[PDB]
Each structure stands twice: as C-alpha cells, then as structure tokens.
Amino acid sequence: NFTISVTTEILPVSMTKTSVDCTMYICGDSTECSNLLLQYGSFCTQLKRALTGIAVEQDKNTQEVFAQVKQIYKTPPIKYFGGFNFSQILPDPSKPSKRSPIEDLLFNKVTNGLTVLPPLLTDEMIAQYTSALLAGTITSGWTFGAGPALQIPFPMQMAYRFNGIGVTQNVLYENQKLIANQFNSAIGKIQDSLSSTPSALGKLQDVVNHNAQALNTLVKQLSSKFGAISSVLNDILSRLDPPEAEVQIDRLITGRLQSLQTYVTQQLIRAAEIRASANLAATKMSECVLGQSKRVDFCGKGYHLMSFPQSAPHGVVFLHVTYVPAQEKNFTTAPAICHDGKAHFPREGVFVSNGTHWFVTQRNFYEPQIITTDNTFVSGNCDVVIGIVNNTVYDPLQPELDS
Amino acid sequence: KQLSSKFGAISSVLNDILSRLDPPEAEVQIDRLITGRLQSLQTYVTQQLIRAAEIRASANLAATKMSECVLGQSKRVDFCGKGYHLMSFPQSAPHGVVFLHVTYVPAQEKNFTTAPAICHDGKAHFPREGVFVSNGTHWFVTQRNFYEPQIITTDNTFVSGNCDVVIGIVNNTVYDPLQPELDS
Amino acid sequence: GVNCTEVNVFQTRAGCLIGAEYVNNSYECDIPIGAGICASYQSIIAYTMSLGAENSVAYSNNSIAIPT
Ligand SMILES: *[C@@H]1O[C@H](CO)[C@@H](O)[C@H](O)[C@H]1NC(C)=O
Ligand SMILES: *[C@@H]1O[C@H](CO)[C@@H](O)[C@H](O)[C@H]1NC(C)=O
Ligand SMILES: *[C@@H]1O[C@H](CO)[C@@H](O)[C@H](O)[C@H]1NC(C)=O
Ligand SMILES: *[C@@H]1O[C@H](CO)[C@@H](O)[C@H](O)[C@H]1NC(C)=O
Ligand SMILES: *[C@@H]1O[C@H](CO)[C@@H](O)[C@H](O)[C@H]1NC(C)=O
Ligand SMILES: *[C@@H]1O[C@H](CO)[C@@H](O)[C@H](O)[C@H]1NC(C)=O
C-alpha cells in the first residue's frame, strides 16, 4: 500500500534593487565637499558600477528563474480533470490579483539618499507565468518544454509518471479514486499547514530582515562623529577654522566611505548568495517541474512524480508530490528457479513466496502472477547459482497445442 | 588610474613632496597617500576575489556540464540544450569553453483518439511500452514520441484485472498469432 | 521614483518618463525599465511588456497528440 503526500520547500529568487546617491550620502550642499571628493581619484564610480551590475544580476535572476517558456498557456474551461481537485493550485479569475488561494495566503502571511528601485517584474506577470507553467504541466504533460505542446489527458499522464519509477501502470486504474482522494486530502492538509505553522516561512523573512537591517545601519552610521569634532556639515564647516576643518571633514568622509564600502561588500556577498540560490532554483525549475527527475532527494523525500510551483514575494515556493510506500509484508525469496536442469531469472522483478507457492512480482508493489516463460529468461545451467530452489514453471499455451 | 590621485595631499608624486617640503609634514602627506593607496588596493583585492567567486562557480557548473552531457548521455530535461538530449561537443575557447548541443525537437504533430485499455474476452489489455491510438475506425499502438502504428498483439500487451474495475475502457479485438498458426 | 508635479509626459510606476509617449498596444520588451514597462524605438514609445502569444491548447477526456 502506498501513501501520496505533498512536501513543501521554499527557495529565494531575488531581492529589491538598490541605488545609493553617492555624493549625497557622503555630504550634501557643500562646494568644499565637491572639491575634496573629486580629488580622490575614484571611490564612487566602482560602487555605482557594482551596484548597477548587481541590480542587472537580480533582474536576470528574475528572468531565468521564472521565464522558461515563450508561450502563455491558458487552462481549459472544464474543471473536471478526472476527479482531481485542482482548485487551490489553479488560479481563479474571481480574485482581483488573479492569484491562487495558496499564493494569496502566503502573500498575506509574508510581511538619507538611499533609493530602492522597483523590480522589472512585479507580482502580476509572475502570477501569470505560474498559471502558464501549471497549464503546461497539467493539460500538456511534460512534453511541452521540449518542442511544441501536445494534448495529454491527466490520468494516462499519471500512469506514465508511475511508469517512470519502475511501477507498472495497471496499479493506477484499479485505485484511481483512492489516489484522487489521497491527493485532495494532502492538498487540504498542506493548505491548512501553510497557515497553521508560523515557522514554515523563515529565510525569506530573515533575508528581508537582513536587507532592512543593512539599509538601516547605513543611516545609523550616517550620524556618527567618526572621531571628528562633530557629525553635522553646517556645524563643522562654519564654526571651525578651515585649516583644521578641512582635515576634520576629510576624516569624517573617510569614515563614511569606509562604512559605505563595507556595506557594498556585504551587499555583494549577499547578492552572490542570492545568485547561487537562484541558480539552484532554476535547476529545480528545469528538472523537478519540466519533466520527471529520477534521482532521490532531488525532487522530494521519496520517489518524485511531479511538482507545482507557486508565485512568492521575492522568491518561489515548491509543492512536490512524492510516492511513499508503506504497509510492509515479510516474504521468502530466491535468486533463481531451478527447472529441468536449467535456471530461470526474473525479467522485471523478483520471485516472491509466501508459503509453499512461488510468484513473480514487481519491485515496488505486490502483484502476484504465475511464473511463466514470457517474463523469464534462461541462462546457464542449475549447478552454479547459490541459493536456487526447485520449482516448476508454467508453460504458456499448453492446453492449446494438443486441443 | 589611482596613482594620479592627490588623496588630500599637495601632490601625487613622492619625489615632489620629499624634495619640496620638510620631513615632519611630508610624513603626514606620505601617510595619507599610503593609506589611500592601501584602501584602493584592498578594494581591488576584494573585487578580484568576488570575481574569483563567480568564476569558480561558473567553472564548477561548466565542469559538471562537461562531465555529464559531454562524457555521457544526460536524461535530465532542459539541462544541455532546448529539447531532448542527443549529443553535444566541446570547442576550445580563450578563457572559457563553448558547448555544441544537439537537440531533438518532435514538431509537426497530429492528434488522435486514445483509450487506457482494451477489453476482450472479459479481461483488460495494457501496453507494455506504447499507448493505444485510434484514428477513427481501427485501433493501433504506437510509440510515445513517434507515430509508427502497429496492430494490437498479445506479444506487446499484458493483461491484468478485469473489465469492470478500470474506467474508460473500449471494446476491440486483439490479434493472437497462435490462432492462424495452429490451423496451418 | 519622482512624482513630476513640479518639474509628452507619461507617468509610470517608477517615477516620471519624459520624451516617450504611451501606446496601449503591447510588444516584446527590449529596454527594461521597471513595473512592467519596456520602451523601444519603433520615435520612441513606451508599452506594456508582452508575455508571449496566448497559445491556448484544447483539452478533453480522450484526446491525445503524437508527433509524426
Ligand atoms: C491502503 O489502505 C487504505 C486504508 O488505509 C485503503 O483505503 C486503500 O485502498 C489501500 N490501498 C492499497 C494499495 O492497498
Ligand atoms: C475543489 O473543491 C472545491 C470545494 O469547494 C471546489 O470549490 C473546487 O471547484 C474544486 N476544484 C476542482 C478542480 O476539483
Ligand atoms: C500463498 O499465496 C497464494 C496466493 O495468494 C495461495 O494460493 C497460498 O495458499 C498461500 N500460501 C499459504 C501458505 O497460505
Ligand atoms: C485509419 O488507419 C487505418 C490503417 O492505416 C486505415 O485503414 C483507415 O482507413 C484509417 N481511417 C481513417 C478514418 O483515416
Ligand atoms: C503625484 O501627485 C499628483 C497630485 O497629487 C497625483 O495626481 C499623481 O497621481 C501623483 N503621482 C504619483 C507618482 O504618485
Ligand atoms: C469530461 O468529463 C467532464 C465531467 O464529466 C465533462 O464535463 C466533459 O464534457 C467531458 N469531456 C469529454 C471529452 O468527454
């Protein structure tokens, strides 16, 4: 017996683009500031170029994380996919933001001189992209990211997904109602669990607290004396004698440039971390979503079947579907079957015996069948296999050649 | 370019300051110049190491793609080329590498009518590797990526269960070669 | 990020845009700006970015497609 469960993992994608006013954050409204800053060679073009390159990198990350398709697929008007409830995943046009209830729930759960640039892609086209990807993965199967899309019905697609993990497709059609009920119950349980657990959403919130703290600590360091006479431009450039006030403001802007270059260092380290996370997210997007990935752990605890991504603020959230078997049963096996001096070997499974009778079964499910020659192949003789047992094999079409 | 920066001093030439002013102050001018150049080279080192970080990230990705797709056939979808993976080839590049992916794009499609199983003699029939495809009148089994229809045979179909548990089944005959083989 | 009420002019959700008219039609994005705004030289016009062709695919309970 097998239990279908859904697991959720989240991956951050990108952060808000940042642009800093360089000479305004250093010191503003002063000609002495200008003529002492222009003679430092260049401490500002490098930071401006690096920050713009980081912003371009975040925009590019938003590009290849979410836009893997050049077509915008639309869902069919029929809501009956075979008894399977695709209502908490597929977006509905009744909502003003055109978002799924899961996406709306996670969005509601998710809560000078510095300028924060708006992203190129806001929430609405990301939601449209998620709708297009879910349409491609539901009504077109997995044969849409490799060439043109094809009309694929849902149940035989699910049978193909079971066939990809070494399980015969006949087990689906005798238990389709149970699979549909289990998948709907898992969807309901995970929809309740996304809102019940408060600590299922951390890194994204943590990393945005990192961004907010790094933004606030720059202004916090803007109001420090830096070992000078004062920390205010109009108090240090009017009361003091410019023979020493030039040195005082030089030390102050030196401390300020050290502070902002330290902030730029933390920003580039965090941007490299975000870029690596977005690259791994793009790998997950290409493998776990656009097709079936057979490697374990890579797409869900257990055997991977498919996944459904949803739009998230400054990130992406995955909804894996895993094939987890259960209800173990002890049996007695044998490496080969001895018959008429020659050994028999299984083609697709293993010889399984409960008592005094032997049957052949598939690897991941119990389906006892009579041992015949159409699913066995002979090799060698019955003198070398260690642990072989004596048992007759059914010869096919027997009562047929004499009738 | 940072050599021609005054750094708040009188000039940016070491021989000019040392041969025009007294040592005491000259000490302050050289100290300011050397700490400015030290901060400049530290910034350059930081930039060099962050480009080193992105470059060995890209080099590890390129080595993974060289070992996987290049050395062997990759079954990962949309990993080396847009489409099904056939072959790829490495080309020598200055300060990099360029791959030559060969893809498999099955275009020019044509849709049909299917069935998950075929009912005959009270038992359901299931294809081992193909899918049941009908063009309106007869029935055929073909590959999942190429339309090469074949007649339904007991040699490429396996039976399991009965006709009532499975839904969506259709009624059709199955070709068993032993019936024209026995009478001959 | 400047509301230009004190300094053709079309208002985007990124600040002020001066010198680029707004066109209700949509085309493929060439120069990214922000908030779903992309401008290209057709004069210079600003349009909403195009996500692609709406390639809707039919679905039924017994329709399959096999490439030839
Ligand atoms: C597994 O057990 C459940 C009851 O817990 C039952 O409804 C279902 O039909 C069983 N399925 C299999 C594969 O035995
Ligand atoms: C899923 O169940 C809910 C129950 O309210 C229903 O509103 C929704 O239309 C169903 N969706 C599908 C596709 O089954
Ligand atoms: C083992 O299972 C088979 C089929 O399920 C049955 O015929 C046989 O009696 C079983 N053996 C015992 C010892 O119960
Ligand atoms: C379906 O294919 C068979 C075999 O190619 C052919 O005999 C038959 O005429 C075809 N039917 C239609 C409606 O094209
Ligand atoms: C700018 O202010 C004007 C007047 O209040 C208002 O009509 C306009 O919508 C504002 N635009 C922005 C950028 O908020
Ligand atoms: C598929 O089943 C649904 C629900 O019974 C029905 O509304 C729809 O018309 C059916 N379509 C086909 C092609 O049978």
# chains A, B, ... in the order shown; residues from 1 in each chain; ligands from 1
>>> residues_around(residues="region 100-109 of chain B", least_positions_apart="3", cutoff="12 Å", atoms="only C-alpha atoms", output="number ranges by chain")
A: 143-151; B: 65-66, 69-70, 73-74, 77-92, 97, 112, 144-147; C: 64-68
>>> write_last_selection(atoms="N, CA and C atoms", output="short mmCIF file (atom, residue, chain, number, x, y, z; two decimals), in the first residue's frame")
data_model
loop_
_atom_site.label_atom_id
_atom_site.label_comp_id
_atom_site.auth_asym_id
_atom_site.auth_seq_id
_atom_site.Cartn_x
_atom_site.Cartn_y
_atom_site.Cartn_z
N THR A 143 5.70 16.93 -22.08
CA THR A 143 6.19 17.11 -23.44
C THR A 143 5.79 18.47 -24.02
N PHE A 144 6.07 19.53 -23.26
CA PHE A 144 5.85 20.89 -23.72
C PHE A 144 7.07 21.78 -23.59
N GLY A 145 7.99 21.49 -22.67
CA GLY A 145 9.25 22.20 -22.58
C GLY A 145 10.30 21.71 -23.54
N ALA A 146 10.01 20.63 -24.28
CA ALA A 146 10.91 20.09 -25.30
C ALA A 146 10.09 20.00 -26.59
N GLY A 147 10.07 21.10 -27.34
CA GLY A 147 9.29 21.17 -28.55
C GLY A 147 7.90 21.73 -28.30
N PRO A 148 7.00 21.54 -29.26
CA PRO A 148 5.63 22.06 -29.11
C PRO A 148 4.81 21.24 -28.13
N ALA A 149 3.80 21.90 -27.57
CA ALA A 149 2.92 21.25 -26.61
C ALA A 149 1.99 20.26 -27.30
N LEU A 150 1.66 19.19 -26.59
CA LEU A 150 0.77 18.15 -27.08
C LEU A 150 -0.38 17.96 -26.11
N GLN A 151 -1.55 17.61 -26.64
CA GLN A 151 -2.71 17.36 -25.79
C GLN A 151 -2.53 16.04 -25.06
N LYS B 65 28.75 20.28 -16.47
CA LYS B 65 28.16 20.11 -17.80
C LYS B 65 29.10 19.37 -18.75
N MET B 66 30.41 19.54 -18.58
CA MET B 66 31.37 18.79 -19.38
C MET B 66 31.36 17.31 -19.03
N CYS B 69 26.75 15.86 -19.71
CA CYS B 69 26.32 15.79 -21.09
C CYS B 69 27.43 15.38 -22.02
N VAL B 70 28.61 15.93 -21.83
CA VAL B 70 29.67 15.63 -22.78
C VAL B 70 30.17 14.21 -22.67
N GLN B 73 25.37 10.44 -21.91
CA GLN B 73 24.07 10.97 -22.28
C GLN B 73 23.30 11.34 -21.02
N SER B 74 22.81 12.57 -20.97
CA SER B 74 22.07 13.08 -19.82
C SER B 74 20.58 12.94 -20.06
N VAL B 77 15.96 16.77 -18.17
CA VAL B 77 15.21 17.56 -19.14
C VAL B 77 15.61 19.03 -19.01
N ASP B 78 15.91 19.66 -20.14
CA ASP B 78 16.30 21.08 -20.23
C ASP B 78 17.52 21.38 -19.37
N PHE B 79 18.58 20.60 -19.58
CA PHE B 79 19.86 20.81 -18.91
C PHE B 79 20.99 21.14 -19.86
N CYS B 80 21.05 20.49 -21.02
CA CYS B 80 22.03 20.80 -22.07
C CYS B 80 21.27 20.90 -23.39
N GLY B 81 20.79 22.10 -23.70
CA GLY B 81 20.06 22.33 -24.92
C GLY B 81 18.56 22.36 -24.70
N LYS B 82 17.85 23.00 -25.63
CA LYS B 82 16.39 23.12 -25.55
C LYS B 82 15.78 21.96 -26.32
N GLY B 83 15.45 20.90 -25.60
CA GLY B 83 14.86 19.72 -26.18
C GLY B 83 15.48 18.47 -25.60
N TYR B 84 15.15 17.33 -26.21
CA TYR B 84 15.70 16.06 -25.79
C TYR B 84 17.18 15.97 -26.15
N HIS B 85 17.97 15.38 -25.25
CA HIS B 85 19.42 15.37 -25.37
C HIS B 85 19.89 14.25 -26.28
N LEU B 86 20.64 14.65 -27.31
CA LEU B 86 21.16 13.69 -28.24
C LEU B 86 22.65 13.68 -28.06
N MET B 87 23.30 14.75 -28.51
CA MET B 87 24.74 14.85 -28.37
C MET B 87 25.21 16.28 -28.20
N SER B 88 26.40 16.45 -27.64
CA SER B 88 26.96 17.79 -27.51
C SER B 88 28.44 17.65 -27.78
N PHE B 89 29.11 18.76 -28.04
CA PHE B 89 30.51 18.70 -28.41
C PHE B 89 31.27 19.91 -27.88
N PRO B 90 32.45 19.71 -27.31
CA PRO B 90 33.22 20.83 -26.77
C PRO B 90 34.10 21.48 -27.81
N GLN B 91 34.20 22.81 -27.70
CA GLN B 91 35.04 23.61 -28.57
C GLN B 91 35.96 24.46 -27.70
N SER B 92 37.22 24.57 -28.11
CA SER B 92 38.22 25.32 -27.36
C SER B 92 37.96 26.81 -27.51
N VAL B 97 34.87 28.12 -22.46
CA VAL B 97 34.52 26.97 -23.27
C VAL B 97 33.14 27.20 -23.86
N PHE B 112 -5.03 12.45 -32.12
CA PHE B 112 -5.84 11.26 -32.36
C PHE B 112 -6.76 11.05 -31.16
N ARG B 144 5.63 6.69 -27.87
CA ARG B 144 5.25 7.90 -27.16
C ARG B 144 5.86 9.16 -27.75
N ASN B 145 6.76 9.04 -28.73
CA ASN B 145 7.39 10.21 -29.33
C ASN B 145 7.43 10.13 -30.85
N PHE B 146 6.89 9.07 -31.46
CA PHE B 146 6.86 8.96 -32.91
C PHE B 146 5.63 8.16 -33.31
N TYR B 147 4.96 8.59 -34.37
CA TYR B 147 3.74 7.94 -34.83
C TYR B 147 4.10 6.82 -35.80
N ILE C 64 -5.48 12.70 -27.52
CA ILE C 64 -4.04 12.53 -27.38
C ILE C 64 -3.38 13.06 -28.65
N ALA C 65 -2.14 13.52 -28.53
CA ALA C 65 -1.37 14.01 -29.66
C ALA C 65 -0.04 13.29 -29.72
N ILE C 66 0.29 12.75 -30.89
CA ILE C 66 1.55 12.04 -31.11
C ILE C 66 2.26 12.67 -32.30
N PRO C 67 3.51 13.11 -32.15
CA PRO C 67 4.24 13.69 -33.28
C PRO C 67 4.56 12.65 -34.35
N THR C 68 4.61 13.12 -35.60
CA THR C 68 4.92 12.27 -36.74
C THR C 68 6.26 12.57 -37.38
#
>>> interface_residues(of="chain C", to="chain A", cutoff="12 Å", atoms="only C-alpha atoms", output="ChimeraX atom specification")
/C:1-2,12-15,28-29,31-38,48-67
>>> residues_near_ligand(ligand="ligand 2", cutoff="8 Å", atoms="only C-alpha atoms and all ligand atoms", output="number ranges by chain")
A: 79-81, 83-88, 90
>>> closest_residue(among="B:30, B:21, B:167, B:61", to="chain C", atoms="only C-alpha atoms")
B:167
>>> select_by_dssp(residues="region 57-109 of chain B", states="strand (DSSP E)", output="ChimeraX atom specification")
/B:84-87,90-93,96-99,102-104,109
>>> atom_distance(atom1="CA of residue 344 (chain A)", atom2="CA of residue 395 (chain A)")
12.8 Å
>>> closest_atom_pairs(of="chain B", to="ligand 4", cutoff="9 Å", atoms="only C-alpha atoms and all ligand atoms", output="CSV")
residue,atom,partner,partner_atom_place_in_ligand_line,distance
B:134,CA,ligand 4,1 (C),7.3
B:135,CA,ligand 4,1 (C),4.9
B:136,CA,ligand 4,13 (C),5.0
B:137,CA,ligand 4,11 (N),5.2
B:138,CA,ligand 4,1 (C),5.7
B:139,CA,ligand 4,1 (C),7.7
B:140,CA,ligand 4,2 (O),8.2
B:149,CA,ligand 4,5 (O),7.9
>>> closest_residue(among="B:6, B:123, B:95, B:51", to="chain A", atoms="only C-alpha atoms")
B:6
>>> residues_near_ligand(ligand="ligand 3", cutoff="8 Å", atoms="only C-alpha atoms and all ligand atoms", output="ChimeraX atom specification")
/A:353-358,368
>>> write_last_selection(atoms="N, CA and C atoms", output="mmCIF file, in the first residue's frame")
data_model
loop_
_atom_site.group_PDB
_atom_site.id
_atom_site.type_symbol
_atom_site.label_atom_id
_atom_site.label_comp_id
_atom_site.auth_asym_id
_atom_site.auth_seq_id
_atom_site.Cartn_x
_atom_site.Cartn_y
_atom_site.Cartn_z
ATOM 1 N N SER A 353 7.747 -15.729 -2.506
ATOM 2 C CA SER A 353 6.951 -16.833 -1.989
ATOM 3 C C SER A 353 6.459 -16.494 -0.590
ATOM 4 N N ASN A 354 5.170 -16.722 -0.346
ATOM 5 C CA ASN A 354 4.603 -16.570 0.987
ATOM 6 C C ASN A 354 4.676 -17.875 1.775
ATOM 7 N N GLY A 355 4.168 -18.964 1.201
ATOM 8 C CA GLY A 355 4.241 -20.274 1.817
ATOM 9 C C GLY A 355 5.006 -21.273 0.975
ATOM 10 N N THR A 356 4.287 -22.221 0.377
ATOM 11 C CA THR A 356 4.880 -23.249 -0.468
ATOM 12 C C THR A 356 4.689 -22.974 -1.955
ATOM 13 N N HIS A 357 4.187 -21.796 -2.318
ATOM 14 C CA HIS A 357 3.971 -21.429 -3.709
ATOM 15 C C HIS A 357 4.781 -20.185 -4.046
ATOM 16 N N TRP A 358 5.288 -20.142 -5.276
ATOM 17 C CA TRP A 358 6.178 -19.082 -5.726
ATOM 18 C C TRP A 358 5.489 -18.235 -6.786
ATOM 19 N N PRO A 368 0.944 -10.610 -7.312
ATOM 20 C CA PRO A 368 1.375 -11.999 -7.546
ATOM 21 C C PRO A 368 0.861 -12.527 -8.879
#
>>> atom_distance(atom1="CA of residue 20 (chain C)", atom2="CA of residue 4 (chain C)")
14.6 Å
>>> atom_distance(atom1="CA of residue 89 (chain A)", atom2="CA of residue 312 (chain A)")
13.3 Å
>>> select_by_dssp(residues="region 85-224 of chain A", states="alpha helix (DSSP H)", output="ChimeraX atom specification")
/A:101-109,123-139,154-163,170-173,176-196,203-222
>>> closest_residue(among="B:50, B:45, B:17, B:26", to="chain A", atoms="only C-alpha atoms")
B:50
>>> residues_near_ligand(ligand="ligand 1", cutoff="12 Å", atoms="only C-alpha atoms and all ligand atoms", output="count of residues only")
28
>>> residues_around(residues="residue 269 (chain A)", least_positions_apart="6", cutoff="12 Å", atoms="only C-alpha atoms", output="NGL selection string")
(:A and (50 or 54 or 262-263 or 275-276)) or (:B and (46-47 or 49-51 or 53-54))
